[PDB]
C-alpha cells in the first residue's frame, strides 16, 4: 500500500500535538495541534484506514471530497491540509473553540441562552444544510455532537462536521434517528430536517424528545412521533417556536418543509 497524501514526517515538521483530546470515536481521534509557523490552533482528525478488517480508505476520500465541496460555505468546517501514514489519514480542520452545541442543550447552561440566541443558531444551521442540499448532499448525522460553535463567550457561529455518512439523494445514536430510517424507506433530504427539529427541541427545552427508559421505548416514541408538547415543558417557549418544531417532527418525510421553506418561517424573522 502506497501513500497518496503528504508524508507523516511533514506533519511532525509543521505541527505540534497537544495533550488535548477533543473527541474520540471507535476508529477516529481528534487531537489539538498548533502550527509551528503561525502558532494558530487547528484540529487534527486521525482516521484509521482499516475498520473491522476492511480497507476503508475509499470512504475517507469520500469524506474529503465532501469537505472540499463545501469549503466556500462558512457554516461548514474548513479543511486546510491532509496527511497520511501507514494506518491513518489526518485531516487538519479549522478549530472550533466553542465546542459541541450539545453543551447548550443541558439545563446547566439554560440560564445564558435566550430564545433570541436559538433563532440565530437555528438560522445558521439551516444556511449550511441549504447549501449541502443545493448540491445533493445529505448529512444523516445532524446530532448536537456533530455541530460545533466558533466560540461561546460570546456565542459564536455554527460549524458542521462529521461527513462520514454523507451520500447523494436516493441512497440506501438511536434517539437521533428519523422514523423513515426504521421503515427502511429510501433516504431523503427531509431526513436531515427531522434532526433539525430535535436540535431546536433540545435547545429550547433542554431535554431529548424521544429517548426513553430503554431503547425499546425510544424506538417506539420515534415511530409513533410521541413528543412531550405539554404546558409544563413549553410554559416559557413561544408558540412560533412550537409551530416551527411540530412542522418538522412528523412521520411522513414528504410533509416536512425543505431547508428553503424553513428560512421563511415567521419565527426566524426579526431584526437581531
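Rigid core here is just the name for the largest C-alpha set that superposes within 1.5 Å across the two forms. Numbering follows the first chain given and starts at 1.
Using the rigid core as the fitting frame, the root mean square C-alpha deviation in 8 other deposited structures of this protein is greater for 111 to 119 than for the other of 111 to 119 and 148 to 156. According to the entry, the deposited sequence places 4 to 9 unmodelled residues between residue 172 and residue 173. Mean CA B-factor, 60 to 68 versus 215 to 223: the higher value falls on 215 to 223. Judged by mean Cα B factor in the deposited record, 104 to 112 ranks above the other of 122 to 130 and 104 to 112. The maximum CA B-factor among the listed residues 153, 194, 201, 83, taken from the PDB record, is found at 153. Ranking 94, 88, 141, 180 by Cα temperature factor from the entry places 180 first.
Among the modelled residues of the chain, residue 78 sits in the lowest third by CA temperature factor in this PDB entry. In the PDB entry, residue 146 places in the lowest third of its chain by CA B-factor. When the CA B factors of the chain's modelled residues are split into thirds, the value for residue 4 lands in the lowest one. When the modelled residues of the chain are ordered by C-alpha B-factor, residue 51 sits in the highest third. Annotation for residue 236: C-alpha temperature factor in the middle third relative to the rest of the modelled chain, per the entry.
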